[PDB]
Amino acid sequence: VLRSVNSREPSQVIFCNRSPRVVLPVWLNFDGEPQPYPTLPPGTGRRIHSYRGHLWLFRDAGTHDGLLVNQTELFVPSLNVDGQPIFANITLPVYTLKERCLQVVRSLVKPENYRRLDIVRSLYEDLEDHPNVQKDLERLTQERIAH
Amino acid sequence: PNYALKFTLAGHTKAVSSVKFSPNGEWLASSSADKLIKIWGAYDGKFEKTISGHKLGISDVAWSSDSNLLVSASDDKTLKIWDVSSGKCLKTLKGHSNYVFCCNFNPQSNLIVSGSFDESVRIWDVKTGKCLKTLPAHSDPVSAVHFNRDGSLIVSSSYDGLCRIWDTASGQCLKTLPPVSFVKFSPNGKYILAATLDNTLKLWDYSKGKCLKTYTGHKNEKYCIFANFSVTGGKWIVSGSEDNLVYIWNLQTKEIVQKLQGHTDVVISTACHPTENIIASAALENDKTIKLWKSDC
Amino acid sequence: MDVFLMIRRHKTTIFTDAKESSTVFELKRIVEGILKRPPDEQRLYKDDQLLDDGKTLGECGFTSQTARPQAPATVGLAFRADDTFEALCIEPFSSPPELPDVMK
Amino acid sequence: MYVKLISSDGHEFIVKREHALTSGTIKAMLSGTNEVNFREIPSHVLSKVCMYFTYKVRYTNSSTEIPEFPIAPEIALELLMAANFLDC
């Protein structure tokens, strides 16, 4: 359901990293599986070859924190018009403070050590619940069934 | 028939793309995604040699009439010609702008024909390597390209869902008869066998232009699976299948007459020995092996 | 270009926004909305420097680059009450604990 | 409309209402004086939390380069705890 269609119709795209994170572009293949592509440093952008009807999302390539693209979770190339490439503007989201506080602690603390923090067991599990695309892909499949 | 497993060849470290018997019945060539061609004894399944060159994985192999030469077709955009005695690349055939998927010597074996993701059919000279004619064949990737009995025609198949016959001499499209995953000419000359990705094989009289047989019951929706005529003993259609089996149909009555079990991945290539009742069969990444099956008819 | 401020007197801290193009005066009238003391009873500062009512926030060094939502610039506030003038006094926040061993 | 948020050490923080209603914990404390007394969350943390509130409201639905929300190491743990409690 959440997967690239094999249209074989080429599309020129500009992956524009407008975040301070090193970004990992992630192509959803024809069976819905996530393929890592080469990383974009912050404040860079790149003309790249994709296809119509394909699916992308983008992540911190170092921690797998999720990022927005053109204000949303998924990016889908269409046909170029009048010789114009299509822009995928990789943006940070407004993380919740909690989510951000987890990002920061995660990056300061080796996971073999989360439990030597003096905090409720609740937060240990929030810490350990590292972000991954598959969890998000699942969550996003389901909101589209409400929508 | 009663084809039973006899040998299993487990040399490639990556998926196996194509298996072809030599016309002299002596050898089996295998191409693999691991960039290698490997030669096997047809009867005793013995490792003969590895052939290396291609900078990416290989998709198809084809023998010359005299069993002395191979054409390979590769992701690295190249078709290369090999002396089979040496292991030595005689030529590289640049011309396609994307992955090359299929290849075949003409009966005379002085031409090679090839198909590519670039949506084109190319014809080559074996002596020089000069591409002679580039046919604007399809508007989508070419899956198979074969020469007829006297080498005067070419059949091609493509993901545009069309199958087409070319006059070799000029390059004009003589006739045009879901994606077409595979196509080839019947030994007896008159017929053409074509797979579509609606889980279907079909036999056609190319001249008259109507479908005479339909072979079903196997799984074929994603992969371009190589199909065959076996006619050494009885007359069968053989095919790989995505459900990991080798299927065999009574060619005339369309009945499934056997399913060979052993493979642990999609069987993407079958080959029927030229003078004897032997089948070669090859599977993908979870398998990585070639199996040989020998029957009484 | 908007600016983002903490206005700080003693142990009170106001979060509010303005334009670089606003005057210190018009920010004294914002503080009047909140703390209900007129602009003649307020003196606003940056560090030590008494800010004049006719200069814009921008001119006083308060830019989109130095007064951000996630890192607001501090504006000191001291009141007058008739003939009595209080000197700017800002009580500092609590320190955090010494960072734990596993966060080094 | 502003609300007072008093920290555990005495410091009062005067933020827009809409801003503070980022927290459901705060929306509740306002209903069950429009002040709110935190008994554990101290000033350095509550001030940061307020900075979060102004970051959130502004940059939500901006369509611009949202910058990073910075968190010094020294304050991460307490702020995590606070955020967890305020649920924001």
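Numbers in chain B track Swiss-Prot; the residues on display, in order, are 33-209, 215-334.
Header entry for method reads X-ray crystallography, 2.8 Å.
Here the Cβ of each residue, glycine as well, is placed from N, Cα and C on the backbone.
According to Swiss-Prot:
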type	residues	note
CROSSLNK	B:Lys46	SUMO2 cross-link
MOD_RES	B:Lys112	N6-acetyllysine
REPEAT	B:85-126	repeat 'WD 2'
REPEAT	B:169-208	repeat 'WD 4'
REPEAT	B:299-333	repeat 'WD 7'
SITE	B:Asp107	site 'Important for interaction with histone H3'
SITE	B:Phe133	site 'Important for interaction with histone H3'
SITE	B:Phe263	site 'Important for interaction with histone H3'
SITE	B:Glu322	site 'Important for interaction with histone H3'
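All features noted in Swiss-Prot, drawn onto the structure.
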residue  : record                                           : Cβ within 10 Å
B:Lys46  : SUMO2 cross-link                                 : 14
B:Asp107 : site 'Important for interaction with histone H3' : 19
B:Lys112 : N6-acetyllysine                                  : 24
B:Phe133 : site 'Important for interaction with histone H3' : 23
B:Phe263 : site 'Important for interaction with histone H3' : 27
B:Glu322 : site 'Important for interaction with histone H3' : 11
Sites among the recorded positions B:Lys46, B:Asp107, B:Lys112, B:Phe133, B:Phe263, B:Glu322 close to chain A [C-beta, under 8 Å]: none
Residues of the parent chain within Cβ reach of the repeat 'WD 2' (B:85-126), under 8 Å, 6 or more residues beyond its termini: 46, 49-56, 58-59, 61-69, 71, 132-137, 139-141, 144, 146-148, 156, 158, 161, 163
Long-range environment of the repeat 'WD 7' (B:299-333) - Cβ separation under 8 angstroms, sequence gap at least 6: 33-57, 60, 62, 64-65, 72, 74-75, 77, 260-270, 275-279, 281-283
Chain residues in Cβ proximity to the repeat 'WD 4' (B:169-208) (below 8 Å; excluding those fewer than six residues from its ends, i.e. six or more beyond): 131, 133-140, 143, 145-149, 151-153, 155, 215-222, 224, 226, 229, 231, 233, 243, 246, 261, 263
The repeat 'WD 2' (B:85-126), counted residue by residue under DSSP: helix, strand, coil: 0 helix, 23 strand, 19 coil
Pairwise Cα distance for B:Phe263 (site 'Important for interaction with histone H3')/B:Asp107 (site 'Important for interaction with histone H3') [Å, integer]: 18
Candidates B:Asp107, B:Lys112, B:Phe133, B:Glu322 (recorded positions) - the one closest to B:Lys46 (SUMO2 cross-link) by CA: B:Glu322
Integer Cα-Cα distance in angstrom, B:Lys112 (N6-acetyllysine) to B:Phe133 (site 'Important for interaction with histone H3'): 13
Nearest-integer angstrom distance between the alpha carbons (Cα) of B:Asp107 (site 'Important for interaction with histone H3') and B:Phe133 (site 'Important for interaction with histone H3'): 8
B:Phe133 (site 'Important for interaction with histone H3') and B:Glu322 (site 'Important for interaction with histone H3'), Cα-Cα, nearest whole angstrom: 18
In three-state DSSP terms, the structure that B:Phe133 (site 'Important for interaction with histone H3') belongs to: strand
